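The next block holds one structure in the form of C-alpha cells; read it before the comments.
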Amino acid sequence: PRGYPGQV
Amino acid sequence: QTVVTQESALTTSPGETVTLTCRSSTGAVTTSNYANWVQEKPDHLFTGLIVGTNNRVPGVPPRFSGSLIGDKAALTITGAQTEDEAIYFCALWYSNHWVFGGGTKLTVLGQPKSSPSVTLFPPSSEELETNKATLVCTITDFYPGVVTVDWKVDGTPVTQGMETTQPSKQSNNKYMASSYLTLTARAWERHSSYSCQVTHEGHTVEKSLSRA
Amino acid sequence: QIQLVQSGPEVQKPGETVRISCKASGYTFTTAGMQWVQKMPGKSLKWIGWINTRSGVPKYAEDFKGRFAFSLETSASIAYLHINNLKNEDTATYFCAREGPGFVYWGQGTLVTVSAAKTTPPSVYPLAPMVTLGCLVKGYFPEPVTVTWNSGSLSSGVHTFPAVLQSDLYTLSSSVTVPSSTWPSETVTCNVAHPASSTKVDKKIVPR
C-alpha cells in the first residue's frame, strides 16, 4: 500500500 | 464529502460467522486506507480490534479478523460470542484524513428476544402551571436493544420538540430508553390525542392518551 | 499492559479553556503517535488529529484547527488536549488513542460539558396515569441526580433513564411498576437529590 504518514 | 457507512444493526445467535462492512462514498477501500475496527461496550469503553486492514491488536481474541470484501473493508467474527454484543466502528485513512463510520450495533443473542413494555405519561398539573407540557414515553425490557420511536399528535407525525435516549442496559440485560415530547401549554390545549409508537424487530407497539 | 488513563470529567463555561491529560504506560512513550478523538453525545466519532511523540509535531484535522491544540509532557509520558474559547457544541467525550496506524489502544474518555447554566436544582413532576408511575426530573444542572422510591423501600421494578441535555439543562425520568392493587391505596413517593445544589425533594404520586 501507499505509506501511512503517522508515527507508527 | 467522504462519508463512511456501516450496517446500522445486525443480530446473530452465538456460534455464527458474522461479517460487518465499511464502505466509502467516494471510492473503493484498499490497503492504502489502513482500515481500523474498534469496539465500544458500556459505557464508552473502546477497544481497538484491527488496524491496517488485517492486523489483530495483540490480546484481541482470535475469532476477530479484518479483510477487504469487494470495494469495502470487513470485520469477521468467526463464531460470535455473547461478549461480542457491542457497537463496532470502522475508520478509514482516506484522502489523508481519518474518517469514522457511523457504527454497527451487533446483538449476539444472550437470551430470548423481548418486546418493549411501553408507558405514556401526560404532563402534570404542576408542570402545566409553568405554561409547559412534557409527555414522557418510557420503554423497557426490550431485546435486541434497537428501537425506533415516533410520536403523533392528533395523527400528525411530530418532527420537532422530541428527544429520545440511546438504549441502555437494564440489570436483567434487556434494554430501556425514554422519549420526551416537549410542548407549550397552549399547544397541549390545542390538541386531543397523543401517541408514542415504538418499533422493535419489525413490529410497532403504540400507546396513546387523550388530553380530556 | 498498555494503559492510557485520562483526567476526570470537566464542566466549563463558554469562552473558557479546558485541558485534558492522557497518561500512557506499558510501552516507551516516544515510539508511537497519540491521536485524539471527539464523540459528541449520541453521535459517531470525529478525528481531531495526532501528535508525534518524538518530534512534538502535531497534525490537526481542518474541522478542529484553531481552538484545539495538542501538547506533550514527554518525561512524564503524558499527552494533553487543550480546547480554547469553548463552545456549547464542544460538549462531548474526548478520547486519546495510540497509533497505529489509527487507533490501537484507547483512553477511558473524558466528558467535557460546556454550558453557561448556573447550578440549578431540578423541578420534580409526578408522572401518573400492574401500574407504572414515574417522576420527571426537569431542568437541572450539572449532573448527577439520584432518584429513589419510598426512601429506597421500593426497589423492584425501578428504572431510571439516562438524562437528555436540553437548552443547557438536563432532564431525566424514573419509573416504578407496582401492583395496581397497591396504588393509589398506599403512597408512592419519588425522592430526588441533586448534590451540586445540595437539594433534595420528595414528590408523592397522586392520580392525575
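Going through the C-alpha cells in order, the chains are called A, B, and so on, while each chain numbers its residues from 1 and the ligands are numbered from 1 in the order shown.
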
Mind listing as a count of residues only which residues of chain A are within 9 Å of chain C, counting only C-alpha atoms?
5

Each residue of chain B lying at most 8 Å from chain A should get a row with its shortest atom-to-atom pair and the distance in Å to one decimal, counting only C-alpha atoms; could you produce that, ordered by chain and increasing number, as a tab-separated table?
```
residue	atom	partner	partner_atom	distance
B:30	CA	A:1	CA	8.0
B:31	CA	A:1	CA	5.6
B:32	CA	A:1	CA	4.7
B:34	CA	A:4	CA	7.9
```

Return as a VMD selection string the residues belonging to chain C that are within 7 Å of chain B, counting only C-alpha atoms.
chain C and resid 42 44 to 47 100 to 106 108 125 to 129 161 to 162 164

If you run DSSP on the backbone here, which positions in chain C get strand (DSSP E or B)? Please write them as a PyMOL selection string.
chain C and resi 3-6+10-12+18-25+34-39+45-51+58-60+65+68-73+78-83+92-98+105-106+110-114+120+123-127+131-141+146-149+154+158-160+164-166+169-178+189-194+199-204

Just the residues within 12 Å of residue B:156, please, counting only C-alpha atoms, with nothing from its chain fewer than 3 positions along; format it as an MDAnalysis selection string.
chainID B and resid 150:153 159:160 191:196

Any chance you could export the current selection's N, CA and C atoms as a PDB file, in the first residue's frame?
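Result went into again.pdb, see below:
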```
ATOM      1  N   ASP B 150     -41.457   7.042  17.326  1.00  0.00           N
ATOM      2  CA  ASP B 150     -42.119   8.090  16.549  1.00  0.00           C
ATOM      3  C   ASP B 150     -43.260   8.609  17.418  1.00  0.00           C
ATOM      4  N   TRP B 151     -43.550   9.902  17.307  1.00  0.00           N
ATOM      5  CA  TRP B 151     -44.671  10.500  18.037  1.00  0.00           C
ATOM      6  C   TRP B 151     -45.688  11.031  17.054  1.00  0.00           C
ATOM      7  N   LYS B 152     -46.966  10.971  17.423  1.00  0.00           N
ATOM      8  CA  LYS B 152     -48.012  11.602  16.611  1.00  0.00           C
ATOM      9  C   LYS B 152     -48.922  12.403  17.534  1.00  0.00           C
ATOM     10  N   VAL B 153     -49.384  13.546  17.033  1.00  0.00           N
ATOM     11  CA  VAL B 153     -50.324  14.381  17.767  1.00  0.00           C
ATOM     12  C   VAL B 153     -51.512  14.553  16.863  1.00  0.00           C
ATOM     13  N   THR B 159     -42.214  16.254  14.127  1.00  0.00           N
ATOM     14  CA  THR B 159     -40.877  16.373  13.545  1.00  0.00           C
ATOM     15  C   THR B 159     -39.949  17.262  14.378  1.00  0.00           C
ATOM     16  N   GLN B 160     -40.506  17.949  15.380  1.00  0.00           N
ATOM     17  CA  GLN B 160     -39.776  18.900  16.219  1.00  0.00           C
ATOM     18  C   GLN B 160     -40.142  18.720  17.692  1.00  0.00           C
ATOM     19  N   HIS B 191     -54.615  20.399  21.118  1.00  0.00           N
ATOM     20  CA  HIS B 191     -54.576  19.032  20.578  1.00  0.00           C
ATOM     21  C   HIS B 191     -55.216  18.037  21.538  1.00  0.00           C
ATOM     22  N   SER B 192     -55.722  16.933  20.995  1.00  0.00           N
ATOM     23  CA  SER B 192     -56.519  15.975  21.766  1.00  0.00           C
ATOM     24  C   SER B 192     -55.742  14.701  22.052  1.00  0.00           C
ATOM     25  N   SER B 193     -55.352  14.009  20.991  1.00  0.00           N
ATOM     26  CA  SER B 193     -54.711  12.712  21.161  1.00  0.00           C
ATOM     27  C   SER B 193     -53.201  12.797  20.998  1.00  0.00           C
ATOM     28  N   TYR B 194     -52.496  11.968  21.764  1.00  0.00           N
ATOM     29  CA  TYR B 194     -51.031  11.962  21.763  1.00  0.00           C
ATOM     30  C   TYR B 194     -50.605  10.505  21.773  1.00  0.00           C
ATOM     31  N   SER B 195     -49.620  10.148  20.954  1.00  0.00           N
ATOM     32  CA  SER B 195     -49.225   8.751  20.818  1.00  0.00           C
ATOM     33  C   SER B 195     -47.701   8.574  20.761  1.00  0.00           C
ATOM     34  N   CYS B 196     -47.212   7.502  21.386  1.00  0.00           N
ATOM     35  CA  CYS B 196     -45.797   7.133  21.335  1.00  0.00           C
ATOM     36  C   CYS B 196     -45.750   5.778  20.646  1.00  0.00           C
TER      37      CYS B 196
END
```

Close residues, residue C:6 itself excluded, 10 Å, only C-alpha atoms, min 2 positions apart in chain, as a list in words
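So, after excluding close chain neighbours, the residues are residues 3, 4, 8, 9, 20, 21, 22, 23, 24, 78, 79, 80, 94, 95, 96, 106, 107, 108, 109 and 110 of chain C.
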
What gap, in Å, lies between atom CA of residue C:49 and atom CA of residue C:97?
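Spanning atom CA of residue C:49 to atom CA of residue C:97 is a straight-line distance of 10.6 Å.
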
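If you count only C-alpha atoms and ignore residues fewer than 3 places along the chain from residue C:145, what sits within 9 Å of it is residues 122, 137, 140, 142, 172, 192, 193, 194, 195 and 196 of chain C.
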
Generate a file of the selected residues that holds C-alpha atoms, formatted as a tab-separated table (two decimals), in the first residue's frame.
```tsv
chain	number	residue	atom	x	y	z
C	122	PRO	CA	-34.48	20.13	39.28
C	137	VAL	CA	-36.70	15.40	36.93
C	140	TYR	CA	-31.23	20.72	36.46
C	142	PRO	CA	-24.92	19.89	36.35
C	172	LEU	CA	-34.38	12.66	33.17
C	192	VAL	CA	-34.71	13.23	44.17
C	193	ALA	CA	-31.32	14.52	45.30
C	194	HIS	CA	-29.14	16.95	43.33
C	195	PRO	CA	-25.72	17.01	45.02
C	196	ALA	CA	-24.46	20.11	43.15
```

Using only C-alpha atoms for the distances, tell me which of C:88, C:160, C:173, C:71 is nearest to residue C:57.
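For residue C:57, the nearest of the given residues is C:71.
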